[PDB]
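So the chains spell out like this:
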There are 2 protein chains.
Amino acid sequence: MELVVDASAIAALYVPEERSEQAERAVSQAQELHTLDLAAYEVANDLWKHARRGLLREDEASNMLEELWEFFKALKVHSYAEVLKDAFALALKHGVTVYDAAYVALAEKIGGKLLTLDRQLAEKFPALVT
Amino acid sequence: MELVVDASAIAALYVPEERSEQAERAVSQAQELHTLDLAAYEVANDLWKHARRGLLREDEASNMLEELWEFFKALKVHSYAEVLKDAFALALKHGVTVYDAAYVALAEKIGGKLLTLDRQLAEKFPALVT
Ligand SMILES: [Ca+2]
Ligand SMILES: [Ca+2]
Ligand SMILES: [Cl-]
Ligand SMILES: [Cl-]
Ligand SMILES: [Mn+2]
Ligand SMILES: [Mn+2]
């Protein structure tokens, strides 16, 4: 099983975090983890929000961003060129953002599934989500 | 002059659109245009919004996304790996999003300037923006 992990899924893995048994089994059993270039910015941005809200010290958030960087080396990172056209058509059809549609496009492309903690996304693509 | 164009700047160029004399002179005089992988998703997402709001027919929005794709071949497209660490530190320091900070990080990296139609962004980096 090829497994796409979006930004919410990476956030739960790259540092110690609580995860459903379901999430863990998917990651555990995957042949390989895949994501998009996009996820790097999305995870980093969520880290920025946490810092500015006073939940992380600035040096602590900077250290975590190093860890994210190191985590990304264990991922197969795909580019926008591979999915952009499919992502847009999926966004138009299903009424989800191109950002979200992109991960679904990628799961389809690699013949795999998507792990997302986004329940709303997960409901729109039952055949593609774990 | 190396010129970074963000998503708002690409939107004004990849199809016939009104532009300030200032924007035109910057693009005209640039040695080369540069952007991020990120901009592809951001422009496509803005196109999706326009379609869903009833401003573009679905086939018309799909044709424009083809044009965007063809436009991107004239751009030097840089990846998240080149800017992510700088983008985060700039986001923390200046109180802007990692998404925005990324283009500024890229202008700095290539020794060039940034063309953005985002006045708020443009005010935070006067030395880096056209
Ligand atoms: Ca396709
Ligand atoms: Ca640097
Ligand atoms: Cl916030
Ligand atoms: Cl909208
Ligand atoms: Mn979401
Ligand atoms: Mn903006």
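Per the PDB record, the structure was determined using X-ray crystallography to 2.200 Å resolution.

Where the PDB entry is consulted, chain A appears under the name conserved hypothetical protein PAE0151, with the organism given as Pyrobaculum aerophilum. Taken directly from UniProt, the Function text for chain A runs: "Toxic component of a type II toxin-antitoxin (TA) system. Has ribonuclease activity." Here is the UniProt Sequence similarities comment for chain A, exactly as written: "Belongs to the PINc/VapC protein family."

Enquirer: Is there a simple way to think about the interface of chain A and chain B in this case?
Expert: Accessible area lost during the coming together of the parts is what is often quoted as the interface size. Across the contact, 35 residues belong to chain A and 35 residues belong to chain B. In total, chain A and chain B occlude about 3,300 Å² of area from one another, counting both sides; carbon and sulfur atoms represent 75% of this. Considering only the side of chain A, the residues that lose the most area to chain B are A:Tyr41, A:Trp48 and A:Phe88, jointly responsible for 24% of the buried surface there. Applying the counting rule to chain A against chain B returns 2 salt bridges. With its nearest N and O atoms 2.8 Å apart, the salt bridge here joins A:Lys85 to B:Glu66. Taken together, the links from chain A to chain B amount to 12 residue pairs in polar contact.

Enquirer: What is the right way to read the sheet that holds strand β1 (residues 2-5) of chain A from this model?
Expert: Sheet strands pair via backbone hydrogen bonds, and the direction of the pair is either parallel or antiparallel. All names here are of chain A. If you trace the 4 strands from one edge of the open sheet to the other, you get β3-β2-β1-β4, paired in parallel fashion. Lying at the two open borders of the sheet, with one neighbouring strand each, are β3 (76-78) and β4 (113-115). Neighbour to neighbour, the strand axes of the sheet diverge by 35 degrees on average, direction disregarded. With 3 bridges connecting them, strand β2 (residues 32-36) and β3 associate as parallel partners. Paired with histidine 34 across the two strands is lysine 76, which belongs to β3.

Enquirer: Teacher, can you tell me more about helix α3 (residues 37-52) of chain A here?
Expert: Along an α-helix, residues three or four apart share an orientation, since each turn contains 3.6 residues. All names here are of chain A. End to end, α3 covers 24 Å across 16 residues, agreeing with the expected 22 Å (1.5 Å per residue, within 8%). The buried count for α3 comes to 12 of 16 residues, which makes it a mostly enclosed element. All buried positions along α3 are accounted for by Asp37, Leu38, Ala39, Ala40, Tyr41, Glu42, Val43, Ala44, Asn45, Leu47, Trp48 and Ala51. With its phi angle positive at about 90 degrees, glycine 54 sits one or two positions after the end of α3.

Enquirer: Can you help me understand the relation of the copies chain A and chain B in this one?
Expert: Comparison of the two chain copies shows a relationship of rotation about an axis with a shift along it. In screw terms, the move from chain A to chain B is a rotation of 180 degrees and a rise of 0.0 Å along the axis, fitting with an RMSD of 0.0 Å. In the structure described here, the two chain copies are related by an operation that fits a two-fold rotation axis. Among all residues of chain A, the one whose C-alpha sits closest to the rotation axis is A:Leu38, at a distance of 3.1 Å. Same-surface contact between copies: 100% of interface residues of chain A are shared with the interface of chain B.

Enquirer: Honestly, the pattern of salt bridges in this entry has me stumped. Any pointers?
Expert: Where charged atoms of side chains with opposite charge meet at close range, the side chains can pair. Residues and elements named next belong to chain A. Under the defined criterion, the tally for this structure stands at 10 salt bridges over all chains. The salt bridge involving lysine 109 is made with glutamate 82; its shortest N-O contact spans 3.4 Å. A residue pair is termed long-range when its members are at least 10 positions apart, and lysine 109 in helix α6 (residues 98-110) and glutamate 82 in helix α5 (residues 80-94) qualify at 27 residues. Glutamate 82 sits in the partly exposed class, given a relative accessible area of 28%.

Enquirer: How do you make sense of the coordination of the calcium ion (ligand 2) when you look at a structure like this?
Expert: Donor atoms from the polypeptide that coordinate the calcium ion (ligand 2) comprise B:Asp86 (OD) and B:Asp86 (OD), at 2.6 to 2.8 Å from the metal. Its place among the elements puts B:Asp86 in helix α5 (residues 80-94).

Enquirer: Would you take a moment to explain the UniProt feature "binding site: Mg(2+)" in chain A for this structure?
Expert: Residues and elements named next belong to chain A. In this numbering, the UniProt entry assigns the feature "binding site: Mg(2+)" to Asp6, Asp100 and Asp118. Across 113 residues in sequence, these annotated residues keep their C-alpha atoms within 9.5 Å of one another, forming a single compact spot. For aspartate 100, the location among the structural elements is in helix α6. Once you skip the residues sitting within four places of it in the chain, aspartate 100 turns out to touch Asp118 and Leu121. With respect to the secondary-structure elements, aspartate 118 resides in the loop between β4 and α7 (119-124).

Cut-offs used in this document
Residues numbered from 1 in each chain as written, not as in the entry; some residues may be left out. Chains lettered and ligands numbered in written order. Heavy atoms only, no water. Residues with missing side-chain atoms left out of burial classes, pairs and counts. UniProt positions renumbered as here; feature names shortened; annotations may be inferred. Contact = heavy atoms within 4.5 Å. Buried area = accessible area lost by both parts, 1.4 Å probe. Salt bridge = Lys/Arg side-chain N within 4 Å of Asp/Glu carboxyl O. Polar contact = N/O pair within 3.5 Å; in protein donor to acceptor, adjacent residues only side chain to side chain. Pairing = 2+ DSSP bridges. Helix = DSSP H or I, 4+ residues; strand = E, 2+ residues; numbered from the N terminus. Axes fitted to C-alpha atoms, helices over the stretch in contact; angles between N-to-C directions. Expected span 1.5 Å × (residues − 1). Buried < 20%, exposed > 50% of the residue type's maximum accessible area, 1.4 Å probe, protein only. Least-squares fit on C-alpha atoms. Donors = N, O, S within 2.8 Å, 3.2 Å for Na, K, Ca; no water.

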